[PDB]
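K.L.:
Take a look at the following structure, please.
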Amino acid sequence: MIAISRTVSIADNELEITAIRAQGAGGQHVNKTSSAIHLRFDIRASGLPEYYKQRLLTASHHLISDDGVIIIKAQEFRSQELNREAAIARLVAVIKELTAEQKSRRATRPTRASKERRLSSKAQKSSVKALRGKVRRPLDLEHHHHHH
């Protein structure tokens, strides 16, 4: 249950909760980021008020994905209890800060972005090209005469 600003608040069970397993591990864990709680605050899933929706599209913060939707990615330690509470506490604070008047900016820099690999495999063999050609044909043309 999250106390949103501007008249409305969002329910408890209606929350979006995803479990993040980042990057395809090659047997052993190559990363440690395969443990994170993902929650999102989406406008389209709710009916946000006029002032609130205006704020989301005006307040350029990295937590905003693009469509004015808020994506929280938190991963510090285990205990999902703590992962949730910290993520919620932070987003609620941010909500209050941007629903607040001007000059309230910055303070939002979650640098989690890294994923690259390669994949190219093609094996198809059709050997039907055979040839021959063995002929001895010497064309010699010399000259012989005494010079006068």
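Starting from 1 in every chain, residues are counted up; chains themselves are A, B, ... following the order of the structure tokens, and ligands are numbered from 1 as listed.
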Skip range 89-105 of chain A itself and residues of its chain fewer than 3 positions away, then list as a PyMOL selection string all residues within 10 Å of it, counting only C-alpha atoms.

P.N.:
chain A and resi 2-6+40-41+51-56+58-61+63+70-72+74+84-86+108

K.L.:
Using only C-alpha atoms, find each residue in range 26-83 of chain A having at least one atom no more than 10 Å away from range 111-131 of chain A; report its shortest atom-to-atom pair and that distance in Å (one decimal), rows by chain then rising number, as a Markdown table.

P.N.:
| residue | atom | partner | partner_atom | distance |
| --- | --- | --- | --- | --- |
| A:33 | CA | A:112 | CA | 9.0 |
| A:62 | CA | A:111 | CA | 9.4 |
| A:73 | CA | A:112 | CA | 8.4 |
| A:74 | CA | A:112 | CA | 9.6 |
| A:75 | CA | A:112 | CA | 10.0 |

K.L.:
Looking at only C-alpha atoms, which of A:27, A:35, A:88, A:44 is the one that sits closest to residue 67 in chain A?

P.N.:
A:44

K.L.:
Please compute the CA of residue 66 in chain A-CA of residue 20 in chain A distance, one decimal, in Å.

P.N.:
19.8 Å

K.L.:
Got a sec to tell me which of range 3-145 of chain A DSSP assigns to helix (DSSP H, G or I), as a list in words?

P.N.:
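Helix (DSSP H, G or I) assignments inside range 3-145 of chain A correspond to residues 50, 51, 52, 53, 54, 55, 56, 57, 58, 80, 81, 82, 83, 84, 85, 86, 87, 88, 89, 90, 91, 92, 93, 94, 95, 96, 97, 98 and 99 of chain A.
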
K.L.:
Using N, CA, C and O atoms, can you export the residues from the last selection as an mmCIF file, in the first residue's frame?

P.N.:
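Dumped everything to out.cif:
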data_model
loop_
_atom_site.group_PDB
_atom_site.id
_atom_site.type_symbol
_atom_site.label_atom_id
_atom_site.label_comp_id
_atom_site.auth_asym_id
_atom_site.auth_seq_id
_atom_site.Cartn_x
_atom_site.Cartn_y
_atom_site.Cartn_z
ATOM 1 N N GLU A 50 -4.712 14.626 -12.929
ATOM 2 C CA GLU A 50 -4.150 15.534 -13.923
ATOM 3 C C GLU A 50 -2.784 16.076 -13.504
ATOM 4 O O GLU A 50 -1.836 16.050 -14.290
ATOM 5 N N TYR A 51 -2.674 16.552 -12.272
ATOM 6 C CA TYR A 51 -1.432 17.141 -11.797
ATOM 7 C C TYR A 51 -0.326 16.100 -11.741
ATOM 8 O O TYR A 51 0.812 16.363 -12.128
ATOM 9 N N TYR A 52 -0.677 14.912 -11.278
ATOM 10 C CA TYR A 52 0.300 13.855 -11.069
ATOM 11 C C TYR A 52 0.900 13.393 -12.391
ATOM 12 O O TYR A 52 2.120 13.274 -12.516
ATOM 13 N N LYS A 53 0.047 13.144 -13.377
ATOM 14 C CA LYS A 53 0.516 12.677 -14.679
ATOM 15 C C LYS A 53 1.368 13.743 -15.373
ATOM 16 O O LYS A 53 2.330 13.423 -16.068
ATOM 17 N N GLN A 54 1.024 15.010 -15.164
ATOM 18 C CA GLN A 54 1.816 16.111 -15.699
ATOM 19 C C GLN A 54 3.215 16.115 -15.089
ATOM 20 O O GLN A 54 4.202 16.333 -15.788
ATOM 21 N N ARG A 55 3.292 15.858 -13.782
ATOM 22 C CA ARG A 55 4.570 15.806 -13.075
ATOM 23 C C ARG A 55 5.491 14.742 -13.669
ATOM 24 O O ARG A 55 6.667 14.996 -13.914
ATOM 25 N N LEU A 56 4.939 13.559 -13.914
ATOM 26 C CA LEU A 56 5.726 12.415 -14.372
ATOM 27 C C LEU A 56 6.371 12.668 -15.734
ATOM 28 O O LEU A 56 7.452 12.162 -16.020
ATOM 29 N N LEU A 57 5.703 13.451 -16.568
ATOM 30 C CA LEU A 57 6.195 13.719 -17.917
ATOM 31 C C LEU A 57 7.076 14.967 -17.958
ATOM 32 O O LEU A 57 7.768 15.214 -18.946
ATOM 33 N N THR A 58 7.045 15.758 -16.894
ATOM 34 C CA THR A 58 7.852 16.970 -16.830
ATOM 35 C C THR A 58 9.129 16.751 -16.023
ATOM 36 O O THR A 58 10.175 17.325 -16.330
ATOM 37 N N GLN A 80 13.899 -10.346 0.980
ATOM 38 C CA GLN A 80 12.961 -9.662 0.090
ATOM 39 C C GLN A 80 12.190 -8.579 0.835
ATOM 40 O O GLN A 80 11.818 -7.554 0.256
ATOM 41 N N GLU A 81 11.956 -8.826 2.119
ATOM 42 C CA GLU A 81 11.336 -7.849 3.009
ATOM 43 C C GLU A 81 12.057 -6.509 2.916
ATOM 44 O O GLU A 81 11.437 -5.466 2.717
ATOM 45 N N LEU A 82 13.375 -6.560 3.012
ATOM 46 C CA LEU A 82 14.194 -5.377 3.011
ATOM 47 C C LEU A 82 14.261 -4.790 1.602
ATOM 48 O O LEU A 82 14.220 -3.569 1.429
ATOM 49 N N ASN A 83 14.340 -5.665 0.594
ATOM 50 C CA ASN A 83 14.395 -5.224 -0.794
ATOM 51 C C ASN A 83 13.154 -4.414 -1.137
ATOM 52 O O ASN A 83 13.247 -3.352 -1.753
ATOM 53 N N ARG A 84 11.990 -4.914 -0.723
ATOM 54 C CA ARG A 84 10.738 -4.230 -0.972
ATOM 55 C C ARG A 84 10.678 -2.908 -0.225
ATOM 56 O O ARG A 84 10.484 -1.858 -0.835
ATOM 57 N N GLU A 85 10.851 -2.967 1.096
ATOM 58 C CA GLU A 85 10.750 -1.792 1.945
ATOM 59 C C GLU A 85 11.650 -0.654 1.476
ATOM 60 O O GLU A 85 11.212 0.493 1.407
ATOM 61 N N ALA A 86 12.897 -0.971 1.150
ATOM 62 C CA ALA A 86 13.847 0.044 0.708
ATOM 63 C C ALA A 86 13.426 0.640 -0.628
ATOM 64 O O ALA A 86 13.466 1.858 -0.812
ATOM 65 N N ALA A 87 13.009 -0.220 -1.547
ATOM 66 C CA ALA A 87 12.567 0.226 -2.862
ATOM 67 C C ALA A 87 11.343 1.122 -2.731
ATOM 68 O O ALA A 87 11.285 2.200 -3.324
ATOM 69 N N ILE A 88 10.380 0.680 -1.928
ATOM 70 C CA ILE A 88 9.163 1.445 -1.688
ATOM 71 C C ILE A 88 9.485 2.779 -1.024
ATOM 72 O O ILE A 88 9.071 3.831 -1.506
ATOM 73 N N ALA A 89 10.240 2.732 0.069
ATOM 74 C CA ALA A 89 10.593 3.937 0.812
ATOM 75 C C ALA A 89 11.255 4.971 -0.088
ATOM 76 O O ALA A 89 10.963 6.165 -0.001
ATOM 77 N N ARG A 90 12.139 4.506 -0.962
ATOM 78 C CA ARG A 90 12.829 5.394 -1.886
ATOM 79 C C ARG A 90 11.876 5.980 -2.924
ATOM 80 O O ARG A 90 11.899 7.187 -3.167
ATOM 81 N N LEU A 91 11.026 5.147 -3.521
ATOM 82 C CA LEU A 91 10.130 5.621 -4.572
ATOM 83 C C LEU A 91 9.094 6.588 -4.005
ATOM 84 O O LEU A 91 8.762 7.586 -4.640
ATOM 85 N N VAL A 92 8.606 6.299 -2.799
ATOM 86 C CA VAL A 92 7.651 7.181 -2.128
ATOM 87 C C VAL A 92 8.272 8.553 -1.891
ATOM 88 O O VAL A 92 7.641 9.584 -2.133
ATOM 89 N N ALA A 93 9.516 8.557 -1.427
ATOM 90 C CA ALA A 93 10.246 9.796 -1.213
ATOM 91 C C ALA A 93 10.393 10.563 -2.524
ATOM 92 O O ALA A 93 10.098 11.755 -2.582
ATOM 93 N N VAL A 94 10.823 9.863 -3.571
ATOM 94 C CA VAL A 94 10.971 10.465 -4.895
ATOM 95 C C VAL A 94 9.643 11.043 -5.385
ATOM 96 O O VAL A 94 9.595 12.181 -5.854
ATOM 97 N N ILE A 95 8.573 10.267 -5.259
ATOM 98 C CA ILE A 95 7.238 10.725 -5.633
ATOM 99 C C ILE A 95 6.915 12.048 -4.950
ATOM 100 O O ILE A 95 6.505 13.009 -5.599
ATOM 101 N N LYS A 96 7.134 12.101 -3.646
ATOM 102 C CA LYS A 96 6.875 13.308 -2.874
ATOM 103 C C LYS A 96 7.760 14.469 -3.324
ATOM 104 O O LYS A 96 7.325 15.619 -3.326
ATOM 105 N N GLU A 97 8.991 14.165 -3.715
ATOM 106 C CA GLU A 97 9.947 15.195 -4.106
ATOM 107 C C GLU A 97 9.586 15.822 -5.450
ATOM 108 O O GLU A 97 9.741 17.025 -5.633
ATOM 109 N N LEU A 98 9.117 15.009 -6.391
ATOM 110 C CA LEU A 98 8.785 15.507 -7.718
ATOM 111 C C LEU A 98 7.354 16.029 -7.785
ATOM 112 O O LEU A 98 7.032 16.855 -8.637
ATOM 113 N N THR A 99 6.492 15.554 -6.891
ATOM 114 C CA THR A 99 5.147 16.108 -6.780
ATOM 115 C C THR A 99 5.214 17.445 -6.044
ATOM 116 O O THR A 99 4.271 18.239 -6.057
#

K.L.:
Run DSSP on the backbone and grab whatever in range 10-120 of chain A lands in strand (DSSP E or B); send it over as a PyMOL selection string.

P.N.:
chain A and resi 10+16-20+36-41+64+70-74

K.L.:
Quick one: write out the picked residues with N, CA, C and O atoms as a CSV table (one decimal), in the first residue's frame?

P.N.:
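And here's again_5.csv as it stands now:
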chain,number,residue,atom,x,y,z
A,10,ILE,N,-2.1,4.3,-4.2
A,10,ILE,CA,-2.2,3.0,-4.9
A,10,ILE,C,-2.2,1.9,-3.8
A,10,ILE,O,-1.6,1.9,-2.8
A,16,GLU,N,2.9,-4.3,-9.0
A,16,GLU,CA,3.6,-5.0,-10.0
A,16,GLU,C,4.9,-5.5,-9.4
A,16,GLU,O,5.8,-4.6,-9.1
A,17,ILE,N,5.1,-6.8,-9.4
A,17,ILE,CA,6.4,-7.3,-8.8
A,17,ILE,C,7.0,-8.3,-9.7
A,17,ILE,O,6.4,-9.3,-10.1
A,18,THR,N,8.2,-8.0,-10.1
A,18,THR,CA,9.0,-8.9,-11.0
A,18,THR,C,10.3,-9.3,-10.4
A,18,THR,O,10.8,-8.6,-9.6
A,19,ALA,N,10.7,-10.5,-10.7
A,19,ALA,CA,12.0,-11.0,-10.2
A,19,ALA,C,13.1,-11.0,-11.3
A,19,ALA,O,12.8,-11.6,-12.4
A,20,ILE,N,14.2,-10.3,-11.1
A,20,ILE,CA,15.1,-10.1,-12.2
A,20,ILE,C,16.3,-11.1,-12.1
A,20,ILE,O,17.0,-11.2,-11.1
A,36,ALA,N,17.4,-9.4,-7.8
A,36,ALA,CA,16.9,-8.0,-7.7
A,36,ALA,C,15.4,-8.1,-7.6
A,36,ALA,O,14.8,-8.9,-8.3
A,37,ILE,N,14.8,-7.1,-6.9
A,37,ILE,CA,13.3,-7.0,-6.9
A,37,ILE,C,12.9,-5.8,-7.8
A,37,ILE,O,13.4,-4.7,-7.7
A,38,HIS,N,12.1,-6.2,-8.8
A,38,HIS,CA,11.6,-5.2,-9.8
A,38,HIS,C,10.2,-4.9,-9.5
A,38,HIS,O,9.3,-5.7,-9.6
A,39,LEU,N,9.9,-3.6,-9.3
A,39,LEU,CA,8.5,-3.1,-9.2
A,39,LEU,C,8.3,-1.9,-10.1
A,39,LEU,O,9.3,-1.1,-10.3
A,40,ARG,N,7.1,-1.7,-10.7
A,40,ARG,CA,6.9,-0.7,-11.6
A,40,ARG,C,5.6,0.1,-11.2
A,40,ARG,O,4.6,-0.5,-10.8
A,41,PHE,N,5.6,1.4,-11.4
A,41,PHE,CA,4.5,2.2,-11.1
A,41,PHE,C,4.0,2.7,-12.5
A,41,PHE,O,4.6,3.7,-13.1
A,64,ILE,N,12.3,7.2,-14.4
A,64,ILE,CA,11.2,7.2,-15.5
A,64,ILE,C,11.7,6.5,-16.7
A,64,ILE,O,12.8,6.8,-17.2
A,70,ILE,N,7.3,4.5,-13.9
A,70,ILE,CA,8.4,4.4,-12.9
A,70,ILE,C,8.9,3.0,-12.7
A,70,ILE,O,8.1,2.1,-12.3
A,71,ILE,N,10.1,2.7,-13.0
A,71,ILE,CA,10.7,1.4,-12.8
A,71,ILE,C,11.8,1.4,-11.7
A,71,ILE,O,12.7,2.2,-11.8
A,72,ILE,N,11.6,0.6,-10.7
A,72,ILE,CA,12.5,0.5,-9.6
A,72,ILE,C,13.3,-0.8,-9.6
A,72,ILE,O,12.7,-1.8,-9.6
A,73,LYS,N,14.6,-0.6,-9.7
A,73,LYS,CA,15.5,-1.8,-9.7
A,73,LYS,C,16.4,-1.7,-8.5
A,73,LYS,O,17.3,-0.9,-8.5
A,74,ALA,N,16.2,-2.5,-7.5
A,74,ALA,CA,16.9,-2.5,-6.3
A,74,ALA,C,17.6,-3.9,-6.0
A,74,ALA,O,16.9,-4.9,-6.0
